[PDB]
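Visitor: Protein chains in written order, with the deposited numbering: chain IB, 1 to 93, 99 to 389, 405 to 427; chain 1, 522 to 641, 665 to 710, 717 to 822; chain IC, 1 to 39, 46 to 439; chain HC, 1 to 37, 46 to 439. Just so it is clear, CB atoms sit at the ideal spot from N, CA and C, and this is done for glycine as well.
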Amino acid sequence: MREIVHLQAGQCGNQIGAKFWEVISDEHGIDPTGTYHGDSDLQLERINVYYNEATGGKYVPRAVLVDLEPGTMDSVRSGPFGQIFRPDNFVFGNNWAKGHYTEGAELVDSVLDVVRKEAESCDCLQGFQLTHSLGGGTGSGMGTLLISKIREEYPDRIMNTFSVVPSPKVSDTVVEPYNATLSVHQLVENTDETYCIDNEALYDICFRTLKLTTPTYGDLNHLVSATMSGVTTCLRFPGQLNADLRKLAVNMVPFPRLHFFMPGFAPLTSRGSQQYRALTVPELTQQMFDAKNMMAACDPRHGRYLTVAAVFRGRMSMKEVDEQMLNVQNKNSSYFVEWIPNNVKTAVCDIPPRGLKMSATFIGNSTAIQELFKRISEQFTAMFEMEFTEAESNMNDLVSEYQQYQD
Amino acid sequence: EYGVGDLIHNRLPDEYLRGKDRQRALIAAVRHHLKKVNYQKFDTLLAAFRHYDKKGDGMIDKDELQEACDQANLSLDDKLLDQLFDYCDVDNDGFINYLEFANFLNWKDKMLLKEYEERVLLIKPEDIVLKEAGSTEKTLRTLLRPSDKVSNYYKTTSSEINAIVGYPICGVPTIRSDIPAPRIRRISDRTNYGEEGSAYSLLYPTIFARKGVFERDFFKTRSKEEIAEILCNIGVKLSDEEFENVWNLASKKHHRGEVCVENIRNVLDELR
Amino acid sequence: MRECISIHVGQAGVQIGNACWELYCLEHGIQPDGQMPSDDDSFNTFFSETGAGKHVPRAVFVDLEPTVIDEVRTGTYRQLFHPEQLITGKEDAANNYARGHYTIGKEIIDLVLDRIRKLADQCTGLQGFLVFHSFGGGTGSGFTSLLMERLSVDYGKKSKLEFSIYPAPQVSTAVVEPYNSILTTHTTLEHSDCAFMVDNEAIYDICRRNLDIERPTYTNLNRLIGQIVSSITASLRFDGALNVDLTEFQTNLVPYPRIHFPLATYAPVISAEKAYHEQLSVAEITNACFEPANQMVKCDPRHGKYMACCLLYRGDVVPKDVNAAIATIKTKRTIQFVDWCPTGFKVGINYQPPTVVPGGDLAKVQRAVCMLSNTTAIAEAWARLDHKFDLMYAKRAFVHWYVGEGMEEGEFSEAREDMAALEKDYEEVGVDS
Amino acid sequence: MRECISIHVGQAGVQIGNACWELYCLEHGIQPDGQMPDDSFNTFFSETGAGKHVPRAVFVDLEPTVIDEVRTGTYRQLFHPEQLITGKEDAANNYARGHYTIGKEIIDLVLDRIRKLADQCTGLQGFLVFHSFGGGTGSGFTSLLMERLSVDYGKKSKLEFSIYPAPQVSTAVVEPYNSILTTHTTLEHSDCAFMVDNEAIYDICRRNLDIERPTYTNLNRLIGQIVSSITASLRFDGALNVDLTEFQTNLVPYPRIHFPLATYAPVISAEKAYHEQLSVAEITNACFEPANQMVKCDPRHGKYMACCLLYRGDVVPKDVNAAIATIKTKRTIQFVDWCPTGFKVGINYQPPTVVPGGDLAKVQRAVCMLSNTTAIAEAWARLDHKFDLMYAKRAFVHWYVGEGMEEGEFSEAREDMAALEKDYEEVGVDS
Ligand SMILES: Nc1nc2c(ncn2[C@@H]2O[C@H](COP(=O)(O)OP(=O)(O)OP(=O)(O)O)[C@@H](O)[C@H]2O)c(=O)[nH]1
Ligand SMILES: Nc1nc2c(ncn2[C@@H]2O[C@H](COP(=O)(O)OP(=O)(O)OP(=O)(O)O)[C@@H](O)[C@H]2O)c(=O)[nH]1
Ligand SMILES: Nc1nc2c(ncn2[C@@H]2O[C@H](COP(=O)(O)OP(=O)(O)O)[C@@H](O)[C@H]2O)c(=O)[nH]1
Ligand SMILES: [Mg+2]
Ligand SMILES: [Mg+2]
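Now the structure itself:
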């Protein structure tokens, strides 16, 4: 009834998308071959959102895997769940100019033909989701081009991009501020939801709250894919208070230039303290409003929160959730704005994730990302023909709008 | 040693998935290749099973699976074949049966089950299901891995809690028929025990109400000689045998509070 | 012969109807399959008999999102409803009045009026409408806005009776609920006749201090709302001493055409363990309706004044105890009536006691009463909602989502001035001589 | 048709009131479940149609650990589950905590129960509030409880049963501070208030009941028998039945002198009374005897104003007349010259009953006295000296002023009690 088209750009986007497909596949009970295995009919009531039924009950993802290098393509194909994908949806061929003007200018015809075919085969399409990073040449140059072309073709749709954001300490590329500054220009204009992911915040979450000694890139991607599934479980599973992507967008976008969001996953706990800690709604609220659970190198104590939403999974009451949100908004009164009453939004789904009684996913729109934008601007200006100046101008406009709405 | 997925999904230490992605990919690749080869070569699933079972015992063994993969052009390690065999054998009886062969090594939905397949036992009567709801076509049951048992995991709150298919009363009644009426009523007493009857009865009274005889005197039980002298003074002259018959009928009409005046009059009216 | 129709729009209206329609099946003894047991004119308001003996309810279930109506379609009551009265759409309304009224709401309402036309043809006598929704949602606001203006044109002077979810003063589940509430009640003022009001935060404290339910759930809320609506229409299905028709409590409750928003109060709501200890008489349950704790809308009735009340009883009651309890109330100085309504109490008596739902939290009592009160205290309730509107509209926030579908900006300014006129109407009527 | 409402505030009030309700249930033959296996129970119990009976009692306290033993103990099934009101963090023997900060939180819930209990009432005789002077909750909460019951109920009777702070034995350090503040507000919001003290009950339990080690369980059994004797003219028939308003008039000569002393006779063991003969003309001689007085004071130092004799059991009016006229001819038992008649007699028919495990005996007749004497002037002259010594250096004042009290109200209560002392000397002198 409602469908989402998935696009995978860049190496990091490919890995995160593959982990997403694994997570939702074993949440929906799909064999890596393609057969269905599960006791619950609610796994098969809504399978046309992400999957297409082939002949004989085989299900194939509705994703397009696009890259300029065969190495990552072969890695995803030889990965654990790589054989489920469509063999025609693998389209393959560090500079933003290479990704947007010279080498990526010819593959996008073959990209958009397959994307248009998969959109035409859908009954009543709802939206797009694209996974990439802002610091890679391919993941920026091809990503912004695909966003621009899809927004030109389909005006009245919802689009969610999941972008891995540059970090100050863990950065491994030198053209990182250049690529970020060149990509925010297109991500501020033709985007309905941007989701910021920081690998430094991922490392700190793996270090402090979960106590990992050797965090693997797959373990970093699993935590992102859990939040990616949690933000969209309300389109696939029945709930007590349902809210789809457009219901999230209308509530959480006050002005068209403020749609960059910090996400969160809230039942996180290590093996040592699992018996010592009980899990219910109030301490789920405590963990999800905890600042160390945040997904970016931004500190919420510095700024102010415009709009916050929480999607819950599992069997729980609603009076507890309403009391929890009212109480936390009353205790933290200076941390929310005063010209918008009722900054909190609650959605509750009747289905918890794998191996857990309940779960909580946090999503936030706050002024704290203005520091994240300013640090990239300051890193770019020291290393820094007219489009660079225009990009710096629009970043300055964005942080000025954040400051004038914060104060 | 545990990753982040085990921590997130609270998985048991026996079922940790760190360090097995390569072997899961290899099992999936060999599984899909065998399914593709089976569909391309054998048009009948029973024929494919009979080709795979060379010894004819109805079971598939590890050496038979080695020979089958050698025929199907796959070079497998012994560890890989043992792990794939353990994946295939859900029931842990050391043998691959028809059901999990058709569910893990072959496409069970592309080849529809036919009359000869039903006639040819390898399958149980519980192994046949309808293909889909409201359809005459029949297929095989889907064996489930122990990882994917989610029946108690997913349940809807609203509809399932609401699903209802269609202790003594607590409070005070308007008419206090449960409390027996006191012998003498206090002036402050106002509660209705039921003796205050109809407005018709108070307006136009019957002869008992005029002369003081009421429902309490009607329903009060009496003694044998008292009923005898009451009947004798009325003048309804009865012999002792029919008097005892009337007494027995009045006792049988209601065991508790027996032989009341209303019961005796009802018995007499029924007999007359 | 007396027959009424019920429409459930949006998630909040439909989900109450799941709890509402099972209470009618329990009261009349109808199985979910749709037939009476093998081992009557009391079920004709809500059910129609077929030739085979199966009973079919008169309800239309309309929602623009398929994820909620399909729960009924696969639920335990799939064998009861009409398969063509279950109408569904796609891609909901996203908490937007623009999608529920202007763009997506126009692809459905041609089929919706087809269903209402068919049920009105089978009706020997039609008495009123029963629409269930919430103000905060986009579908609950957008879709019911254009629904009356098709129905009120189609049927001229038939009564229309809502039971809508008031946004709570403190707790809320969305951010544009102050926007969606204003645009709804701009249109119900001249197209409805009586629009009853309940909210969520008042029922939460009912479950805490009366039923001792520390964790109330939406299943518990909808059963208690379902008992009120089953007590409103109980004088149309059963026999009683003082039967109240839909048209005759509409006259007594609406003194002026723009003052038609009464509050619903139910009594007694107690658990199982308290009913053994407590003695519930006629004079106590009617005084259980007037305390400041036990109103089902979050407002203080002591600030305002009562205009008209409707005390609808059930079960083993007698009229002498009712009239003696009323004259006790009028001498109390806490309850203040306006001086231009010397007689403001209307009473209805029914012979059928309340029916306990198995597995529920409510107790079973010989008698219960539903109190409907038209009072001026809800003007301050609307004052908080207008104050919510003013601070959000002062910077034109959440507007470009509204104007992207076809709605103009000028409707927001002309709906706000209607509400300031409505609040001063309560100030005009409460000022005495 | 005559019934009363009993409120039990504080640990002293509740634990005494715990001991009262076993005595009340055994008078009418009702199990602790509350169901019987005749309108005598109408004074204290309201019947439910299932056969249950609910007492007309509201147990209120700010501590959870004193009411939770009622919800757990063997009288769990008897009371209403929500009549038992529970606070938190008590008052900690602070009059300012139980009156200005913590007592204001629950009083709306407390007075709600009084409204609901009195609406089921068809005719009300008065209230029975149990408390103590020493504690913060038993004094601070009762002060605001009583001041708003006067503006809600106009001229309804209100009888307090207070534990008077004994001269020698005491448990609290700021106990003299609480009693001075308690009297200042209660003097204008009550009708009668009967006191006993812990010191006199200790000696009566020793020299009469032969108990070497009395405990607080045994004291409340004797106190509950006195309050059972006062109410028994309402529940049962008798030759001379006294209403609560009858001795409300007959014991208060002036609007400020309303502090009687209530003593009991005979209180002796089962082994002792087997030898003795108990008659009407001798049980009342032990009433005037100074070692049987329930308050630690000297009756011979003061002069009587009025007395109330409530006989129970098998007594005759001829025997009382010889008993009363004997006393008025004697010398050292002194009555004031402006009050020629000073006695009221109450005759009742049902004798007192015995609880299982009790220490009192089964006597055919028993008498409870209510005496209003001038002897308690020295009892208050002593308390003002205790109040003055600590207040001269301003000790334990900074705790009271921390919760909202001001320094001036400690002073203003002092001359009010000083005005109370000179009122006895004003009326004690003959004319
Ligand atoms: N009493 C009750 N109210 C509910 C229930 N579900 C939702 N609501 C109320 O509905 C209000 C908002 O409406 P929605 O839940 O969004 O449903 P809707 O009116 O159809 O709007 P959309 O979902 O956008 O189509 C919330 O503020 C809730 O208070 C329920 O099950 N019971
Ligand atoms: N006769 C009698 N007196 C008691 C009993 N229990 C306590 N008291 C008296 O109560 C006085 C102090 O009051 P508390 O028992 O502490 O209760 P309170 O008055 O509410 O004071 P707080 O505990 O501070 O709240 C003591 O000095 C005792 O004399 C009892 O069981 N019988
Ligand atoms: N979470 C996650 N991030 C990754 C992974 N591999 C690379 N990255 C991030 O991606 C950034 C570099 O992007 P890059 O691979 O050059 O983008 P591309 O050139 O378009 O493929 C680095 O800052 C890394 O933090 C991965 O496996 N997981
Ligand atoms: Mg909805
Ligand atoms: Mg205490």
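Can you list, in chain order, the stretches of the beta strand (DSSP E) that have 3 or more residues and sit fully within the stretch 68-153 of chain HC?
Guide: Here the runs fully enclosed are 132-140.
Visitor: Just checking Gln15 (chain IC) against ligand 2 - is the residue's beta carbon closer than 7 angstroms to any of the ligand's heavy atoms?
Guide: Along the third sequence, read from residue 1 onward, the residue named residue 15 (chain IC) stands at position 15. Outside the cutoff, so no.
Visitor: Got a sec: which bits of the stretch 349-361 of chain IB sit with their beta carbon under 7 angstroms from any beta carbon on chain IC, in order along the chain?
Guide: From the stretch 349-361 of chain IB, only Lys350 and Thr351 have a Cβ closer than 7 angstroms to chain IC.
Visitor: Which one of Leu136 (chain HC), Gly321 (chain HC) and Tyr103 (chain HC) has the shortest CA to CA distance from residue 45 (chain HC)?
Guide: Note on chain HC: numbering goes from 37 to 46 directly, and residue 45 (chain HC) within that interval has no coordinates.
Visitor: Within the structure, which residues are defined as neighbours of ligand 4 by a Cβ-heavy atom distance below 7 angstroms, reported in chain order?
Guide: Having a Cβ closer than 7 angstroms to some heavy atom of ligand 4 are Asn247 (chain IB), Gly10 (chain IC), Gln11 (chain IC), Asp69 (chain IC), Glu71 (chain IC), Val74 (chain IC), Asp98 (chain IC), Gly143 (chain IC) and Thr145 (chain IC).
Visitor: Would a C-beta distance cut-off of 8 angstroms place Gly232 (chain IC) and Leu23 (chain IC) closer than the cut-off?
Guide: By one-based count along the third sequence, residue 232 (chain IC) stands at place 226. By one-based count along the third sequence, residue 23 (chain IC) stands at place 23. Yes, the pair counts as a contact, with Cβ atoms nearer than the cut-off.
Visitor: For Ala273 (chain IC), report the span of its beta strand (DSSP E) as first-last.
Guide: Sequence index remark: in the third sequence, residue 273 (chain IC) carries index 267 (1-based). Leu269 to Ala273 is the span of the beta strand (DSSP E), which, as asked, contains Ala273 (chain IC).
Visitor: Answer with yes or no whether the minimum CB distance from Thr33 (chain IB) to chain 1 is below 8 angstroms.
Guide: Translated into the one-based positions of the first sequence, residue 33 (chain IB) becomes position 33. It does: the Cβ of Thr33 (chain IB) has a partner Cβ on chain 1 nearer than 8 angstroms.
Visitor: Look up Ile368 (chain IB) in the DSSP assignment and give the residues it is bridged to.
Guide: Here residue 368 (chain IB) refers to the residue found at position 363 of the first sequence. Partner(s): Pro268 (chain IB) and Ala314 (chain IB).
Visitor: Would you mind giving the Cβ-Cβ distance between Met321 (chain IB) and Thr351 (chain IB), rounded to the nearest angstrom? I have them listed as a contact below 8 angstroms.
Guide: Position 316 of the first sequence, counted from the start, is the residue given in the question as residue 321 (chain IB). Position 346 of the first sequence, counted from the start, is the residue given in the question as residue 351 (chain IB). Contact flag wrong, Cβ pair sits at about 11 angstroms.
Visitor: Just to confirm before moving on: does the CB-CB distance between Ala315 (chain IB) and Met293 (chain IB) stay below 8 angstroms?
Guide: As a first step, residue 315 (chain IB) must be located in the first sequence, where it is residue number 310. As a first step, residue 293 (chain IB) must be located in the first sequence, where it is residue number 288. In this structure, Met293 (chain IB) lies closer than 8 angstroms to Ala315 (chain IB) by Cβ.
Visitor: Are the beta-carbon atoms belonging to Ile212 (chain HC) and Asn293 (chain HC) less than 8 angstroms from one another?
Guide: Residue 212 (chain HC) sits at position 204 when you count from the first residue of the fourth sequence. Residue 293 (chain HC) sits at position 285 when you count from the first residue of the fourth sequence. No. Outside cutoff.
Visitor: Find out if the Cβ-Cβ distance for the pair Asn186 (chain IC), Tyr282 (chain IC) is shorter than 8 angstroms.
Guide: For the purposes of this step, residue 186 (chain IC) is taken as residue 180 along the third sequence, with counting starting at 1. For the purposes of this step, residue 282 (chain IC) is taken as residue 276 along the third sequence, with counting starting at 1. Taking 8 angstroms as the Cβ cut-off, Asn186 (chain IC) and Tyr282 (chain IC) do not qualify as a contacting pair.
Visitor: Taking contact to mean 3 or more Cβ pairs, one atom from each stretch, closer than 8 angstroms, check whether the stretch 753-773 of chain 1 and the stretch 81-96 of chain HC are in contact.
Guide: The stretch 753-773 of chain 1 vs the stretch 81-96 of chain HC: no contact.
Visitor: Check the C-beta distance from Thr271 (chain IC) over to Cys295 (chain IC) and give it rounded, since I have them as a contact under 8 angstroms.
Guide: Reading the third sequence from its first residue, position 265 is the one you call residue 271 (chain IC). Reading the third sequence from its first residue, position 289 is the one you call residue 295 (chain IC). 5 angstroms between Cβ atoms; contact.
Visitor: When the distance is taken between beta carbons, is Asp542 (chain 1) closer than 8 angstroms to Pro80 (chain IB)?
Guide: As a first step, residue 80 (chain IB) is located in the first sequence; it is residue number 80 there, counting from the start. As a first step, residue 542 (chain 1) is located in the second sequence; it is residue number 21 there, counting from the start. A contact, by the Cβ cut-off of 8 angstroms.
Visitor: Just checking, does the stretch 268-277 of chain IB make contact with the stretch 226-239 of chain IB on the three C-beta pairs under 8 angstroms criterion?
Guide: Short answer: they touch.
Visitor: Please tell me whether, using a cut-off of 7 angstroms, the distance from the CB of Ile234 (chain HC) to the nearest non-hydrogen atom of ligand 2 is below it.
Guide: To locate residue 234 (chain HC), count along the fourth sequence from 1; it is residue 226. It does not: the Cβ of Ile234 (chain HC) is nowhere closer than 7 angstroms to a heavy atom of ligand 2.
Visitor: Any contact between the stretch 198-216 of chain HC and the stretch 258-275 of chain HC? By contact I mean 3 or more CB pairs, one from each, below 8 angstroms.
Guide: Enough Cβ pairs lie closer than 8 angstroms, so yes.
Visitor: Going by alpha carbons, who is nearest to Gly142 (chain IB) out of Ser78 (chain IB), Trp101 (chain IB), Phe385 (chain IB) and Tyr310 (chain IB)?
Guide: Position 137 of the first sequence holds residue 142 (chain IB). Nearest of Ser78 (chain IB), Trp101 (chain IB), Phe385 (chain IB) and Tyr310 (chain IB) to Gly142 (chain IB), Cα basis: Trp101 (chain IB).
Visitor: Please tell me whether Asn293 (chain IC) has its Cβ less than 8 angstroms away from any Cβ of chain HC.
Guide: For this step, residue 293 (chain IC) is matched to residue 287 along the third sequence. Yes - at least one Cβ of chain HC is within 8 angstroms of the one on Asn293 (chain IC).
Visitor: With 8 angstroms as the threshold, decide whether the Cβ of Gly57 (chain HC) is near any Cβ in chain 1.
Guide: The residue labelled residue 57 (chain HC) in the question sits at position 49 within the fourth sequence. Chain 1, which has a Cβ nearer than 8 angstroms to the Cβ of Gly57 (chain HC), makes this yes.
Visitor: Okay, do the stretch 330-344 of chain HC and the stretch 206-225 of chain HC touch, 3+ Cβ pairs below 8 angstroms being the bar?
Guide: The answer is no - the stretch 206-225 of chain HC does not touch the stretch 330-344 of chain HC, with fewer than three Cβ pairs under 8 angstroms.
Visitor: When the Cα atoms are used, what is the spatial distance from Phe49 (chain IC) to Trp388 (chain IC)?
Guide: Position 43 of the third sequence, counted from the first residue, corresponds to residue 49 (chain IC). Position 382 of the third sequence, counted from the first residue, corresponds to residue 388 (chain IC). Approximately 38 angstroms between the Cα atoms of the pair.
Visitor: Going by DSSP, which residues form a beta bridge with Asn165 (chain IB)?
Guide: On the first sequence, residue 165 (chain IB) is found 160 positions in, with the first residue counted as 1. Per DSSP, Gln134 (chain IB) and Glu198 (chain IB).
Visitor: Taking Cβ to Cβ, would you say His197 (chain HC) is nearer than 8 angstroms to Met154 (chain HC)?
Guide: Against the fourth sequence, residue 197 (chain HC) aligns to sequence position 189. Against the fourth sequence, residue 154 (chain HC) aligns to sequence position 146. Yes; because the gap between Cβ atoms is below 8 angstroms, this pair is in contact.
Visitor: Just curious, the beta strand (DSSP E) that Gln358 (chain HC) is in, first and last residue?
Guide: Walking along the fourth sequence from the start, residue 358 (chain HC) turns up at place 350. Run containing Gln358 (chain HC): none; DSSP gives neither H nor E here.
Visitor: If I follow the unbroken beta strand (DSSP E) through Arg320 (chain HC), where does it start and stop?
Guide: Mapped onto the fourth sequence, residue 320 (chain HC) falls at position 312. Looking at the DSSP string, the run of the beta strand (DSSP E) that includes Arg320 (chain HC) is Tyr312 to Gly321.
Visitor: List, from N- to C-terminal side, the beta strand (DSSP E) runs of 3 residues or more that fit wholly inside the stretch 348-416 of chain IC.
Guide: Fully enclosed beta strand (DSSP E) runs of 3 or longer: 351-354 and 373-381.
Visitor: Beta-carbon separation of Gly132 (chain IB) and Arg86 (chain IB) under 8 angstroms?
Guide: The residue you call residue 132 (chain IB) lines up with position 127 of the first sequence. The residue you call residue 86 (chain IB) lines up with position 86 of the first sequence. In this structure, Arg86 (chain IB) does not lie closer than 8 angstroms to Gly132 (chain IB) by Cβ.
Visitor: Do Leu378 (chain HC) and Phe255 (chain HC) come within 8 angstroms of each other at the CB atom, strictly closer than that value?
Guide: The residue given as residue 255 (chain HC) occupies position 247 in the fourth sequence. The residue given as residue 378 (chain HC) occupies position 370 in the fourth sequence. Against a cut-off of 8 angstroms, the Cβ pair of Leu378 (chain HC) and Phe255 (chain HC) comes out as a contact.
Visitor: Please classify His61 (chain HC): does DSSP put it in a helix, a strand, or coil?
Guide: Residue mapping note: residue 61 (chain HC) aligns to position 53 of the fourth sequence, counting from 1. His61 (chain HC) falls in the strand class under three-state DSSP.
Visitor: Checking contacts by CB at 8 angstroms: is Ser702 (chain 1) closer than that to chain IB?
Guide: If you number the second sequence from 1, residue 702 (chain 1) lands on position 158. Cβ-Cβ to chain IB under 8 angstroms: yes for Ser702 (chain 1).
Visitor: Hey, how far is the Cα of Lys352 (chain IC) from the Cα of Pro298 (chain IC)?
Guide: If you number the third sequence from 1, residue 352 (chain IC) lands on position 346. If you number the third sequence from 1, residue 298 (chain IC) lands on position 292. Each residue's Cα considered, the two are about 21 angstroms apart.
Visitor: With 7 angstroms as the C-beta to C-beta threshold (strictly closer), list the residues of the stretch 234-252 of chain IB near chain IC in chain order.
Guide: Listed by position along the chain: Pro243, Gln245, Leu246, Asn247, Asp249, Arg251 and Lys252.
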